[PDB]
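Just below is one structure, and these are the notes that go with it.
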Amino acid sequence: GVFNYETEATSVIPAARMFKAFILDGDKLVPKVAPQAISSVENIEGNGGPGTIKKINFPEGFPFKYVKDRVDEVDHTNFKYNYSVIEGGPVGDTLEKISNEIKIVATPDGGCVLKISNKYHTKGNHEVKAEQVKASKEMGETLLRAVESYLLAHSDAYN
Ligand SMILES: C[C@H](CCC(=O)O)[C@H]1CC[C@H]2[C@@H]3CC[C@@H]4C[C@H](O)CC[C@]4(C)[C@H]3C[C@H](O)[C@]12C
Ligand SMILES: C[C@H](CCC(=O)O)[C@H]1CC[C@H]2[C@@H]3CC[C@@H]4C[C@H](O)CC[C@]4(C)[C@H]3C[C@H](O)[C@]12C
């Protein structure tokens, strides 16, 4: 079946800029600013639209060596990004796939809020504990704060 988890994260950076830096060009920026969490991102095939497959490689010592993301949908206008984890780690073992949605919304103070939705499609009767998924939240937060710090220090980037 499916386990649905949702979380939110806030940022002081405006939505359009965060969307462009973190999501659209995250395969280039994240490995640069957060090498301790993502060693590299490889484009397997596609040019960025639906069907694009990317391989996310993790640093030595991490539990899983890599996962592959497949881009499902991209709304450059309302800042919505849908992608699926289709291979690697537990996927293919206890999970069939993970479907995620990221929506970035502007706040009146000039910042933004990232609304994250994760749907874990399990295999058989495996249970995904809400406590075990906290690891994806912390990873998410780490990457976000690293990109935010970079964007505050380089005003000319991703304008
Ligand atoms: C695979 C996990 C979590 C999956 C889940 O548990 O729901 C997610 C959590 C944060 C994700 C990263 C966010 C920043 C980047 C977004 C890019 O567009 C694709 C590469 C990066 C580096 C993403 C790679 C991968 O998609 C991660 C590391
Ligand atoms: C905890 C769940 C579910 C595990 C299960 O049901 O067996 C799994 C599913 C996908 C897993 C993530 C895959 C991407 C990353 C791999 C890294 O090497 C460790 C951190 C991350 C972010 C993993 C954290 C955690 O291991 C998750 C979120």
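In chain A, numbers come from Swiss-Prot; the residues present are 2-160, in order.
Even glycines carry a Cβ here, placed using N, Cα and C.
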Of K55, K56, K66, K124, the one that Swiss-Prot places in the same brassinolide site as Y82, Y84, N101 is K55
Extra residues within 8 Å (Cβ to Cβ centroid of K55, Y82, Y84, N101), brassinolide:
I24, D70, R71, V72, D73, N83, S85, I103
Surrounding CB atoms that lie within 10 Å of the CB of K55 (brassinolide binding site), all protein chains:
19
